[PDB]
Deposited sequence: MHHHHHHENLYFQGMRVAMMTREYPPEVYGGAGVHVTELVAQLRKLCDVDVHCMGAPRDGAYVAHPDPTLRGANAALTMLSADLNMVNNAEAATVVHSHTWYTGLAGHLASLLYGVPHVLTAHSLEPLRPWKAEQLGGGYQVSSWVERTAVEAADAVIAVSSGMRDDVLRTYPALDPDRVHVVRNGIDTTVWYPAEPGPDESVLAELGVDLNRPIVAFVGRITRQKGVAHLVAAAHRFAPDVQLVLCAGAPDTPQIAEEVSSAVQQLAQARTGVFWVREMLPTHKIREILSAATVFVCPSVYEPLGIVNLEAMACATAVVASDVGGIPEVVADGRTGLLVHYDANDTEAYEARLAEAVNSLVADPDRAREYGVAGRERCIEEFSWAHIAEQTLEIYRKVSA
């Protein structure tokens, strides 16, 4: 006799480290203003969440098995729910079993897809066979799947073609415009030696194949000579790509002045400082179903140059908030030239860069509010509960 959401996550404060943990935290804060939400999470005991622990009998067993034991405690804890909403494969089996045991609908947000993970050795172990089976099982049986972009929805339906496309919904990611906002320098830019009197082109992200950092470093050879490139590019996912980016950065620094590389992962206030100071933020991703960093740059009122892959064109409004650059994997020479041409056009026309940045924060406030996302998410809970 009243809707009660069991929100199932692995990460929740004070143990949020990834995009999926940030998403659940912000979604729950807004959803609680509309309906009753119980947070089901894993890790350390805390007030205000139902913490699902693994079976202590399984101490030292394979991580996949200890994770399933925590899932069964999570199902046990969720007995009051009228709808269960799971996040990440770590809780997929919890939402699947709670749905079966209690007769309640299962809503699943697809943050990532096990079959699309870039191949690493760990994909040869039993753990990946278990995580792949959980995600297939959870996704194919879910009452609703939420994708944050039409791009991610396409990837979900391609990866799991038994899915009813009518059960897969686009509900965008939000951005908190009280955390991400145009901030004058307090200074990370001083500790780098960046000259605030010269244009700044910024990148923020991990060094992975998918994030296309090598394409931006190649493009930067063609920037006007007083332009500074500030690369916030850390935590490379392979030693090979660390060497490729390191080598490309050294070749760039040989050809031009104003190259800066922040190798360490930065907190929010330092990222906000750099995104705010930038005239252009570049997202050169070759695969970007999500593209959250584009919302962060837009909320900091900075013009964006980005590829047209995945979800990016649903966030970056070409000729209004930024400029899209066509990516074709068979013509990376053209991609690199066209990234540079887009950056160069905004650096040459600072009034246009400023207007695009201003429009970017307006789009965040207008179209990518968590309050609006919470309302659309509640509409999915209504459809599956009817």
query	finding
Coordinate gaps, deposited numbering	1-12, 199-201
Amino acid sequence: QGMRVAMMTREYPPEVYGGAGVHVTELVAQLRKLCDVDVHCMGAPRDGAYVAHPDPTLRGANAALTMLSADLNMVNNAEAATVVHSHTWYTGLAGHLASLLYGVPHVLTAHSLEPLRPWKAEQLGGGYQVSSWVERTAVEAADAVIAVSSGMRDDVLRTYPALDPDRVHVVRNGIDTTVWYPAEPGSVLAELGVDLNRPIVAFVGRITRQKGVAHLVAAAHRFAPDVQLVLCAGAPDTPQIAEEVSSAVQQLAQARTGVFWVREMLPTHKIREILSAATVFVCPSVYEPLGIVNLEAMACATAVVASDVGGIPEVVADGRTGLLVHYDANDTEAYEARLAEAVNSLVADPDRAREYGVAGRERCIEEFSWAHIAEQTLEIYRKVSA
From here on, numbers count along this sequence of modelled residues.
{"property": "Of 177-185 and 142-150, the stretch whose C-alpha atoms average the higher B-factor in the entry", "result": "177-185"}
{"property": "Comparing 153-161 with 119-127, the one whose average Cα B-factor in the PDB entry is higher", "result": "119-127"}
{"property": "Among 318, 341, 328, 47 - the residue whose C-alpha B-factor is largest in the record", "result": "47"}
{"property": "Residue 307, C-alpha B-factor rank within chain (lowest, middle or highest third)", "result": "lowest"}
{"property": "Third assignment of residue 91 from its chain's C-alpha B-factors", "result": "lowest"}
{"property": "Chain thirds of CA B-factor: placement of residue 5", "result": "middle"}
{"property": "Record-listed C-alpha B factor of residue 294: chain third", "result": "lowest"}
{"property": "Residue 197, C-alpha B-factor rank within chain (lowest, middle or highest third)", "result": "highest"}
